[PDB]
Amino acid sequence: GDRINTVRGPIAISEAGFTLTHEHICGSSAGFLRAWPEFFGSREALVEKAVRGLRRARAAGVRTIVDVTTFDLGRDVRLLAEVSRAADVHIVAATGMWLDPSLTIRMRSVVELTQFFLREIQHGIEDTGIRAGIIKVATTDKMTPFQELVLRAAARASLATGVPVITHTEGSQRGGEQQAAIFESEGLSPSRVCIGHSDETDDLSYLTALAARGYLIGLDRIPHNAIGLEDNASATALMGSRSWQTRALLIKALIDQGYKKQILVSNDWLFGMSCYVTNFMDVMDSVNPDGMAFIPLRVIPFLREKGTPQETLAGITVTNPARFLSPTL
């Protein structure tokens, strides 16, 4: 209610500071980092790259990241704990479920998924005692039956704990609306929900409608663009053609519509990546050398150039994440 759980323990709301609400130390799959660490060079190579990247972000103003890596995205909470300490940046760990649930997970019911999410929030992740401070879910272009089950369990978990829900959206079929519908069917308050990856579209009518219903809007893939890489069908299919300025202009567009309190901005960056083509991390790094420092080094000065008040920018990067992460019913 006035404290948030991090991988180093509980902190006061005021200690969060500049917060990136959608990031990753490592994007992977369940158990993979432990079974084949040499895929990332080594576990130590990954730690070192991540510590280095978080220090760069820290030097640029970032105090806290929310790692929205879930069980099926290969979340390694011990990795998060080590990297948090070494880089001296707060990290909030996630529960929930992304788009790659294993057979065991796909066989579970809403009540079983709720119990799993609650365990990671209320008791801790694995045998670490480290508690989730956020619930991450995801749907495809069209939501599948199992995805709905995850969203219902997430709502049930949120209603029992006050922990907020962040979503992954994709495609053209306005996924956020499908999700919002399920959430409200479970009686979940929109103010507890961040509809993520919303900068992926230029449909401003879609975002304002969601915001007008009280939903937080996640503009979290700002640096993700092919800044001179069309000779990679893999990149264009997982990055895009809209420049980071185009994505950044949605932030100001929503501000101008009166929704500054509903905006959450992030990089959706990572330091290791195994769930796409080999070495794609190198391609991402070539495009955005700033890493998680992209938002404070590039996006923030840009919005200020376009006339955005310091009061507003401070509110988006500090107040909004604080209000959102603070457990509330």
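Numbering starts at 1 and runs along the sequence shown.
The stretch with the higher mean CA B factor, choosing between 284-292 and 65-73, is 284-292. The PDB entry reports B-factors from which the mean C-alpha value can be compared for 168-176 and 188-196; the larger average falls on 168-176. Ranking 25, 20, 318, 13 by the C-alpha B-factor listed in the PDB entry places 13 at the top.
Highest C-alpha temperature factor among 79, 227, 97, 134 per the entry: 227. Among the modelled residues of its chain, residue 144 has a C-alpha B-factor that falls in the middle third, as given in the PDB entry. In the PDB entry, residue 88 places in the middle third of its chain by CA B-factor. Among the modelled residues of its chain, residue 29 has a C-alpha B-factor that falls in the lowest third according to the deposited record. Among the modelled residues of the chain, residue 129 sits in the middle third by CA temperature factor in this PDB entry. In the PDB entry, a CA B factor belonging to the lowest third of its chain's modelled residues is recorded for residue 51.
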